[PDB]
Amino acid sequence: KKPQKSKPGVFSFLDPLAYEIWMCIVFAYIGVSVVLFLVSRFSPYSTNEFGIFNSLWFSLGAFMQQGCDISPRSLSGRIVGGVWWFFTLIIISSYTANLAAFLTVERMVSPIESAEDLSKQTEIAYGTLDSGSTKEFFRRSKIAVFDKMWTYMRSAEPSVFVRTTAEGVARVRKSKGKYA
Amino acid sequence: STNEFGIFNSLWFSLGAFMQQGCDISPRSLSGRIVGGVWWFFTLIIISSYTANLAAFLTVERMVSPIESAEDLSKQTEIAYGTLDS
Amino acid sequence: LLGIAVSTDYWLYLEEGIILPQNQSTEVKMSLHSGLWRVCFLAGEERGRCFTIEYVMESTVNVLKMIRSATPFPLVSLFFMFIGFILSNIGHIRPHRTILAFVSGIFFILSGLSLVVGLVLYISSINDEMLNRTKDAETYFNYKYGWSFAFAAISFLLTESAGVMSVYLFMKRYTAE
Amino acid sequence: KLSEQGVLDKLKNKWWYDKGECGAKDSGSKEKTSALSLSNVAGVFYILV
Ligand SMILES: O=c1[nH]c2cc(C(F)(F)F)c(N3CCOCC3)cc2n(CP(=O)(O)O)c1=O
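Taken in sequence, the protein lines are chains W, D, E and R.
Under PDB author numbering, the residues of the first sequence are numbered 505 to 549, 567 to 701, in order.
Straight run, no breaks: the second sequence in PDB author numbering ends on number 652.
Under PDB author numbering, the residues of the third sequence are numbered 851 to 907, 916 to 1035, in order.
Straight run, no breaks: the fourth sequence in PDB author numbering ends on number 800.
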């Protein structure tokens, strides 16, 4: 069956950025908040406004583009606040620009492209017509790939084999891409 | 009176305005509000120019398609093709 | 409002038809309205015949299975309001022991949140079933909601509002005590 | 007779592929994806550190 537009996954909103980027954002989030708590502690400049619970809230507000109530008042704190603002400006701009690429240009890919891919998967069933030279080819084949395909098609429940050509085409159109 | 805009505050106000992350304090004098407001119009155009031009790069790069048939060679003329002489 | 909605079956209106080219005219082939358990054909076999979803007979079947799939969450919401309704009235009978209004407020808020994830899962399960079908130049497919869907949305707003007002009745009574 | 017993197919697989220097090169042609990676945005992390 021709590849078409499919059901989107529940977590498809995080598709424009790769999974190694999303884990590095979390790891950099914790790293800045630990640094901002430590340097504010032993270097005071009165009340310790930036605690470990406050520093997590400050860095969470800067990433989510919202404002925060408290601001750093020391030179070493404001450098940490300055660079982390520049980090979030690039990443949010990169997320917006990549979605504009996806929604404009639609490219669809087929799952399989060769017979050796069908042998190495169990998601999609495949079968032939019951009487003819096509089934007889896979029966007496000593090729290692074709011998693997015959062991699957023989011991398969329900039966992959069909009666006629038109019945075989009808199963392709109605199995939603699960039959070849 | 009782003004607070020193040079360490003025560099910190201009850094927060460009990154669109807010500020702790705002100018209260009219000449202070003029110099603040024009810098707000500067940072609005530059950030919107960066996001739009980056979307121009990734879209054109996505539209680049390889050759997969002789028909695609026929209509397209940045790649030259030839055969053996005899 | 929810009890009328769950009992009745006017939730989804589906129409399928084939056009007539070069004449600017459309002719339907089938029409029906469906609910969570009962389907009655408005123009199926041009007859008012009614089958349950379990009594099957394409894509119209696959839509009907997803409506049956999204069943439990409105039933959970009605169960939590009924507990919240009982504790609200017995708190009105006995003004002492002021904890009855506050607990009843929680059952109202958990009712509406259960109703939202009911509607979100319902609308998502409908939308993707229009998506998988193969497009044709001569075929048009349409969909439309019903008045039972409107009553469930109104049932959300009043339940959330009564859950808010029950907290104020808790605080004003506890201050007076 | 040699065509129907696959002996011609057996000889073709051995001389073209089994004496091939580009070992299992067909597997590398499969992978293709389009998203931002660490290589595109690496310099932003270097400014952060
Ligand atoms: O000589 C033969 N020539 C054949 C030619 C065709 C066609 F392609 F239609 F021309 C077909 N079909 C293939 C698809 O299903 C419908 C019929 C079967 C043929 N068979 C039977 P085989 O034993 O299965 O090869 C022959 O024997």
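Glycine residues also receive a C-beta, built at the ideal position from the N, C-alpha and C atoms.
Between which residues of its own chain and residue i is the CB-CB distance below 6 Å, once the five residues before and five after are set aside?
i: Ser946(E); result: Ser962
i: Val693(W); result: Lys505, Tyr700
i: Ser1024(E); result: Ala959, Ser962, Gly963
Is any heavy atom of ligand 1 found at a distance shorter than 6 Å from the C-beta of residue i?
i: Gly653(W); result: yes
i: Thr686(W); result: yes
Excluding the 5 residues preceding and the 5 following residue i in the sequence, name in chain order all residues of the same chain whose CB lies nearer than 7 Å to its CB.
i: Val681(W); result: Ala646, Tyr647, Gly648, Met674
i: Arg888(E); result: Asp859, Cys900, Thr902
i: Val666(W); result: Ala636, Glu637, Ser640
i: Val690(W); result: none
i: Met924(E); result: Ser983, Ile984, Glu987
Using only the alpha-carbon positions, how far apart do residue i and residue j sit?
i: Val792(R); j: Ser580(W); result: 20 Å
i: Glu688(W); j: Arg660(W); result: 22 Å
i: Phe571(D); j: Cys589(D); result: 13 Å
i: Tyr1003(E); j: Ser884(E); result: 10 Å
i: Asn569(D); j: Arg599(D); result: 14 Å
i: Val974(E); j: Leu922(E); result: 20 Å
i: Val906(E); j: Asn920(E); result: 10 Å
i: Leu624(W); j: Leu892(E); result: 38 Å
i: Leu1027(E); j: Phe940(E); result: 19 Å
i: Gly779(R); j: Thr643(W); result: 21 Å
i: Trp606(D); j: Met585(D); result: 10 Å
i: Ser788(R); j: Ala522(W); result: 6 Å
i: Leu540(W); j: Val601(W); result: 7 Å
i: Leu577(W); j: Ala618(D); result: 32 Å
i: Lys752(R); j: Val758(R); result: 9 Å
i: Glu865(E); j: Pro632(D); result: 43 Å
i: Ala786(R); j: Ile798(R); result: 22 Å
i: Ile964(E); j: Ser983(E); result: 29 Å
i: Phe1009(E); j: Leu886(E); result: 14 Å
i: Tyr980(E); j: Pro520(W); result: 27 Å
i: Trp671(W); j: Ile525(W); result: 43 Å
i: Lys761(R); j: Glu782(R); result: 28 Å
Counting only Cβ pairs nearer than 7 Å, list the residues of chain W close to residue i.
i: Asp986(E); result: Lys511
i: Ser754(R); result: In chain order: nothing, as chain W lies at least about 12 Å away.
i: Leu799(R); result: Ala532, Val604, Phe608
i: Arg594(D); result: Residues of chain W passing the Cβ test: none, with the nearest at roughly 18 Å.
i: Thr625(D); result: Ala621, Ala622, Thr625, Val626
Taking residue i as the query, report the chain E residues whose CB atoms sit under 7 Å from its CB, ordered along the chain.
i: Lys699(W); result: By Cβ distance, chain E contributes nothing, its closest Cβ being about 13 Å from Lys699(W), past 7 Å.
Determine the closest residue to residue i out of the options, with distance taken between C-alpha atoms.
i: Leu542(W); options: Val626(W), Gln642(W), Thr686(W), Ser595(W); result: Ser595(W)
i: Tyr863(E); options: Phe938(E), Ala959(E), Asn1000(E), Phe1009(E); result: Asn1000(E)
i: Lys695(W); options: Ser917(E), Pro953(E), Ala1010(E), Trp861(E); result: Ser917(E)
i: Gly853(E); options: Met907(E), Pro932(E), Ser927(E), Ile925(E); result: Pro932(E)
i: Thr609(W); options: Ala622(W), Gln508(W), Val536(W), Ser631(W); result: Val536(W)
i: residue 1037(E); options: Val1022(E), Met988(E), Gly898(E); result: The structure shown does not extend to residue 1037(E), since chain E is modelled only from 851 through 1035, so no value can be given for it.
i: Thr784(R); options: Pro679(W), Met629(W), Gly698(W); result: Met629(W)
i: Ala583(W); options: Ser510(W), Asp651(W), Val604(W), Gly698(W); result: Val604(W)
i: residue 910(E); options: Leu989(E), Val856(E), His954(E); result: No coordinates exist for residue 910(E); the numbering of chain E passes from 907 to 916 with nothing in between.
i: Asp994(E); options: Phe1014(E), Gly867(E), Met1029(E); result: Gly867(E)
i: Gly976(E); options: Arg1031(E), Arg926(E), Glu896(E); result: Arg926(E)
i: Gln756(R); options: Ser662(W), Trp671(W), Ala677(W); result: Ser662(W)
i: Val626(D); options: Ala622(W), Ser567(W), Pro548(W); result: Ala622(W)
i: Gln587(W); options: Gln587(D), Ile611(D), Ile573(D), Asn575(D); result: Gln587(D)
i: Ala1011(E); options: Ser972(E), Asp986(E), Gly949(E), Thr1033(E); result: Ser972(E)
i: residue 553(W); options: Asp519(W), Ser597(W), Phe515(W), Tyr616(W); result: It's not possible to place residue 553(W) here, given that chain W moves directly from 549 to 567.
i: residue 915(E); options: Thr956(E), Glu1018(E), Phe966(E), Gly894(E); result: Between 907 and 916 in chain E the model has nothing, and residue 915(E) is one of the residues in that span.
i: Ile613(D); options: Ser615(W), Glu634(W), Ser654(W), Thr655(W); result: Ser615(W)
i: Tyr1032(E); options: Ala1020(E), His954(E), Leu1015(E), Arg991(E); result: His954(E)
List, in chain order, every chain W residue whose beta-carbon is nearer than 8 Å to that of residue i.
i: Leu787(R); result: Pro520, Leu521, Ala522, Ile525, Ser615, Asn619
i: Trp605(D); result: None at all; the shortest Cβ gap to chain W is about 16 Å.
i: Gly588(D); result: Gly588, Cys589
Report the neighbours of residue i on chain W: residues whose CB is nearer than 9 Å to its CB, in chain order.
i: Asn990(E); result: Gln508, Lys509, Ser510, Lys511, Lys697
i: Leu759(R); result: Those within 9 Å of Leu759(R) in chain W number zero; the least Cβ separation is about 12 Å.
Excluding five sequence neighbours on each side, which residues of the same chain lie with their C-beta closer than 8 Å to the C-beta of residue i?
i: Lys669(W); result: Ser640
i: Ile869(E); result: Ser875, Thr876, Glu877, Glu996, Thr997, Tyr998
i: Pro593(W); result: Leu540, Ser544, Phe571, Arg599, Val601, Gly602
i: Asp651(W); result: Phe682, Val683, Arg684
Please list the partners that residue i has in chain D, where partner means a Cβ-to-Cβ separation under 7 Å.
i: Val601(W); result: By Cβ distance, chain D contributes nothing, its closest Cβ being about 13 Å from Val601(W), past 7 Å.
i: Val539(W); result: Going along chain D, no residue has its Cβ under 7 Å from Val539(W), so there is no contact; the nearest lies around 18 Å.
i: residue 559(W); result: Residue 559(W) cannot be located in this model; chain W continues from 549 straight on to 567.
Counting only Cβ pairs nearer than 7 Å, list the residues of chain R close to residue i.
i: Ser652(W); result: Simply none; closest approach about 18 Å.
In chain R, which residues lie less than 9 Å from residue i when you measure between Cβ atoms?
i: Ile611(W); result: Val792, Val795
i: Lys663(W); result: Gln756, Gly757, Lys761
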